[PDB]
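Colleague: turn this into a structure:
(8 chains, ligands or ions: 3)
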Amino acid sequence: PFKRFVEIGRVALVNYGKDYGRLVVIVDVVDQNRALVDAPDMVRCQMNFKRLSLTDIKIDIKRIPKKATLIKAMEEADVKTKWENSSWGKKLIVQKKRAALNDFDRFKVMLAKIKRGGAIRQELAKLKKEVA
Amino acid sequence: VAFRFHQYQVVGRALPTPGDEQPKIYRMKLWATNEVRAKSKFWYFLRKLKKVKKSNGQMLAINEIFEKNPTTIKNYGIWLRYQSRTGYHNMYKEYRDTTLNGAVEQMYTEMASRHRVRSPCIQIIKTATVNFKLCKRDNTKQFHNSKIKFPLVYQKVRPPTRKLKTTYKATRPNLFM
Amino acid sequence: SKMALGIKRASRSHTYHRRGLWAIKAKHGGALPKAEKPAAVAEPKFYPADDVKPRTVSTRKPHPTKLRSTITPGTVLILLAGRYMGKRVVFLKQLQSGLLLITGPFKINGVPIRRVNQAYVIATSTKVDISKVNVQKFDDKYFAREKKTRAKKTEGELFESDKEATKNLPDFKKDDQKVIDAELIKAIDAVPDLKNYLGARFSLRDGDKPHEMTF
Amino acid sequence: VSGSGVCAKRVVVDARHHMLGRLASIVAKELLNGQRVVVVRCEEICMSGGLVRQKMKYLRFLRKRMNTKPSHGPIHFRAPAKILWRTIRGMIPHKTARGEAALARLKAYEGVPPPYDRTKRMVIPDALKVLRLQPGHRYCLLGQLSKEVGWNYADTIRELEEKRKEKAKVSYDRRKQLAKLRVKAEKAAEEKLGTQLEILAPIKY
Amino acid sequence: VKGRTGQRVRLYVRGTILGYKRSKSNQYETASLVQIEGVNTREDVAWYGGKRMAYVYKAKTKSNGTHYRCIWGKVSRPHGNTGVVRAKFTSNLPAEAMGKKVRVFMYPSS
RNA sequence: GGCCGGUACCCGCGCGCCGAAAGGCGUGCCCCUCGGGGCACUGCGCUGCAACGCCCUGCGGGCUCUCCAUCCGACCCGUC
RNA sequence: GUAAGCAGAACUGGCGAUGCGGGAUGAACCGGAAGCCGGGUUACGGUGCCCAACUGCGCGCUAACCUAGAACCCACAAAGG
RNA sequence: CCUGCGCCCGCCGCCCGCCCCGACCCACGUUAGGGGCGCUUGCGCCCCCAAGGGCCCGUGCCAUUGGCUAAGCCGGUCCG
Ligand SMILES: [Mg+2]
Ligand SMILES: [Mg+2]
Ligand SMILES: [Mg+2]
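Modeller: Residues are numbered from 1 along each chain as shown, chains lettered A, B, ... in the order given. Ligands and ions are numbered 1, 2, ... in the order given. The coordinates are given below.
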């Protein structure tokens, strides 16, 4: 049993190149290596499976569908929202946000996390001693 | 983006000669990497077919053809003449590609791989967008179906950019198709 | 537009406008004044054997060193060298000789108002409001050393006699620190956590890539 | 291959299912740059080419012996640790002082002899079998080769590894227990601190 | 680690000396090769281009009260596609220095 | 960002003022006509870029001398 | 001359008289000719380690149970299946 | 077995030499699969791409004078 296939509709992260991070809909297959990928911000183009990491979101669309219907199906399957709330899709967003922290923000994060460490230390001690 | 080949069309003619001061005009559709290489290949063909050499010839124009719809996949056919190690041969090759230019580059690489023929050896007789329901070749014709579906049997794991690349990674990678 | 500045400067008419030959057409009639034969010393005490050359008054007028774009009066900087490396300080203003003038404040960092080279500091994206601080009293002469005579060699007997005496930075610099420290703490407490922030020192803990780090 | 640049006092390498040549080139460059490696479970290295091809290669290596004094010529090792060590010596210039000081940093073991049991074993993605061979090509394990070449301690290493594996299974179940209790502790602190800890939410997952 | 003794702030990135700028049969001791810990690519060493480094070793005789020594240098230009840099020092390093640690500060910053 | 250079000529400074200073300030003619832009009358002179450090009989500085290590190179000369 | 790192000729260049970078090593093969130094960029040749440069981005072909195969000269292999 | 003027061992008062600058982190196993938690022990839920993560006063001139000190964390040391 396989849990993720290349088929018309499925959205994939683009996991390599100048264009890391973009989500693209596989609207057609060129051959066993290359695919047609389309996006709301980017014009349909060929792009290689080795540069595509498939995701778990699929959308019910035509073959090489018109741009309007591709958009309407993308919000019909709420791909950007579902990606963002996905743990995988949240991984990339959180790494960009951690990339965006400056020094004062990083110091506030350090202070916020030291108290959390002390808190979980206190709590773990109490609960371990509670469990007799 | 950048295409290793381009399809030009080149028009030339013999020099005017005070006998028949309007020579006949020859048009050809060439593939080459740039303008000067297209021109140099053009005089090749007119010298070996129309008995016209560049010194007694004249270049009228070189123009570069581009593809109508780069955003649509097209089944291409190339009838090509090549030189093996022991003679010449005629082949038909079908490709799928968004541009004839990319299909031709695909064909040069495929010929250089399947038959060890270099680009100086290949002559493209004819190129034609052979639409589906007429493709003769299994590898092309097997991709002609809606509801196509298959996994990635082969996918590289690699940092998205070079910056994330480390020699030591404590955890075995998780691969699953 | 460095090239456009160069052209506009190099134009003959604008060279006239800069060198101000007009208002030299004011004082000395409507024509440019003559020069004369100064320097009638006629009293050479000593004749050097080699061809004589006198001292230079440098007639060349160097451009002041430019400040970084990401430095504004009111930034928190990061020191890099010297005894205060890693200290997070406040940039008050660029003093006139070309060096940055910074404060700790001295109550929390122990870094006084001091002169630091622009090379050895890093801007941080943070700003403090220091509209209400008085700095005009600061200049180069405030820091001019007047180093004493080289006849004192620091020996063992002086090593801790200087430490156990207070013949050191005189009391008016002490007094100065109080006023700047107060007038800048009052505006540091407005920003949350900034007192702790400036109290801290910047360290590059494992897995920190400076080029990746914003500032 | 330029060198990891990690500052660890030693780097321990779990050489199970890696490729001999590529693991050894990576290690050799680590050693030359000056980083001390300790390659453990050397007996499990995968090698491309069939077991028969590696057998034939190693017996060609056996015929090579100095005629007039056999003890002097090639020294044909049998332990997987020593075969890997010889391979890396192949990539290091061992007739120079830099070369011998380079191999001095190399400690290779079969299995994981303590104190390397209680140590995270770093793997080298540039050489794993899964990522380096196409699934379907014949390969072999360096331990299975050496057994068939004249290393008489295969059973001993198997015994020691079965003991080590069960002894580590016990501890890993212990750390599952501790980890679920610490998960409970993390939420105990999370639902105890609210607005005081919002700042970590947009950079936590 | 916790309650440790040693330097309390690191304002310098570690690097390893890696050799010299060498052809297959020459060495050019004027410029050395350095790997900065954490840099992996040709663009990123463009940031360190200029930031001075220090080879800190320590001799056998005590001079100015310390065995420690310092030779000074800076990152001139990238050397290759994998974050190696060429380093220029005041006086050429010993050949024994290759493999040892070097401190790369951020003094000439921006 | 690297390497070199630091001025008798190209630059630059004074013969006016304001300005710590970068520098701003005049008049007349052409252009757009906003913003401002272009051009112009042109003279005497002078004309080796600076700031701050460290050490100064020191366990200092540096050496082309000696020994040793290390990387690279490197077969023993005369000769037919 | 059967062929020859063979003998005799033609045009040219090289070696001899010549270092230097590459071809692992080679007098004449490839690049190239040179005062002594700093900086940059290259030719030929390469970028897994030795060994400075990518286990870089693509596409195919090969599976060698014969030492699979891997550099102009070159250090060879054929007819045939 | 371990030198009757020789040495061994323990304590602490320290000087130095060397390393280092957070010199922190124990699953096995496969990758045409796997992981964690619950209960039909088979089915659910959630997750898997890289440690690219966790952890840690992480913040004091390798660190000013003092005083107190919850809980917690760490180092030494006794015992098991
Ligand atoms: Mg002769
Ligand atoms: Mg040169
Ligand atoms: Mg290398």
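Colleague: quick one: the strands in chain D?
Modeller: Across chain D, reading from the start of the chain, the strands by DSSP state E fall at D:11-14, D:37-40, D:46-48, D:106-108, D:139-141.
Colleague: what do you get for chain A?
Modeller: A:6-7, A:11-14, A:23-29, A:34-38, A:45-48, A:52-54.
Colleague: and residue A:61, how many residues sit next to it?
Modeller: Here the count is done by other C-beta atoms under 10 Å in any protein chain shown, and residue A:61 has 22 residues near it. Using the backbone N, CA and C atoms, a C-beta is placed for each residue, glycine as well.
Colleague: turn the strands of chain A into JSON lines, columns for distance to chain D and mean neighbour count.
Modeller: Putting those into JSON lines (distance: least, C-beta to the nearest C-beta, whole Å; neighbours: other C-beta atoms under 10 Å in any protein chain shown) gives the following:
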{"stretch": "strand A:6-7", "distance to chain D": "19", "mean neighbour count": "18"}
{"stretch": "strand A:11-14", "distance to chain D": "16", "mean neighbour count": "22"}
{"stretch": "strand A:23-29", "distance to chain D": "18", "mean neighbour count": "23"}
{"stretch": "strand A:34-38", "distance to chain D": "20", "mean neighbour count": "22"}
{"stretch": "strand A:45-48", "distance to chain D": "18", "mean neighbour count": "18"}
{"stretch": "strand A:52-54", "distance to chain D": "15", "mean neighbour count": "21"}
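Colleague: chain C: which of the ones you listed is closest?
Modeller: Smallest distance to chain C across those (C-beta to the nearest C-beta): 21.8 Å, for strand A:11-14.
Colleague: pull up the pairing partners for that closest one, direction included.
Modeller: strand A:23-29 (antiparallel), strand A:52-54 (antiparallel) (DSSP bridges).
Colleague: can you name the residues bridging to the closest residue to residue E:49 other than its chain neighbours?
Modeller: Of all residues beyond its chain neighbours, the one nearest residue E:49 is residue E:75 (5.3 Å), with distances taken as C-beta to C-beta, 6 or more residues apart in numbering or on different chains. Taking DSSP bridges, one finds residue E:87 as the beta-bridge partners of residue E:75.
Colleague: and residue E:17, that's in a strand?
Modeller: Yes. Following the definition DSSP: H, G, I helix; E, B strand; the rest coil, residue E:17 is counted among the residues of a strand.
Colleague: need the contact list for it.
Modeller: E:32-34, E:55, E:93, E:97-102 (C-beta atoms under 8 Å, 6 or more residues apart in numbering or on different chains).
Colleague: give me that answer again for 7 Å
Modeller: For residue E:17, the set of contacting residues under the criterion of C-beta atoms under 7 Å, 6 or more residues apart in numbering or on different chains consists of E:32, E:34, E:93, E:97-100, E:102.
Colleague: same thing with residue A:39?
Modeller: Under the criterion of C-beta under 7 Å, 6+ apart, the contact list for residue A:39 reads A:22-25.
Colleague: residue in chain B nearest to RNA strand G?
Modeller: Relative to RNA strand G, the nearest point of chain B is residue B:113 (3.5 Å; C-beta to the nearest atom of the strand).
Colleague: that residue sits in which helix or strand?
Modeller: In this assignment (DSSP states H and E), residue B:113 forms part of helix B:100-114.
Colleague: what comes into contact with that helix?
Modeller: Counting contacts by C-beta under 7 Å, 6+ apart, the residues outside helix B:100-114 that touch it are B:3-7, B:31, B:67, B:76, B:78, B:80, B:82, B:93, B:95, B:97, B:117-119, B:122, B:127.
Colleague: list the buried residues in that helix.
Modeller: The neighbour-count criterion (16 or more other C-beta atoms under 10 Å in any protein chain shown) identifies B:100-108, B:111 as the buried residues of helix B:100-114.
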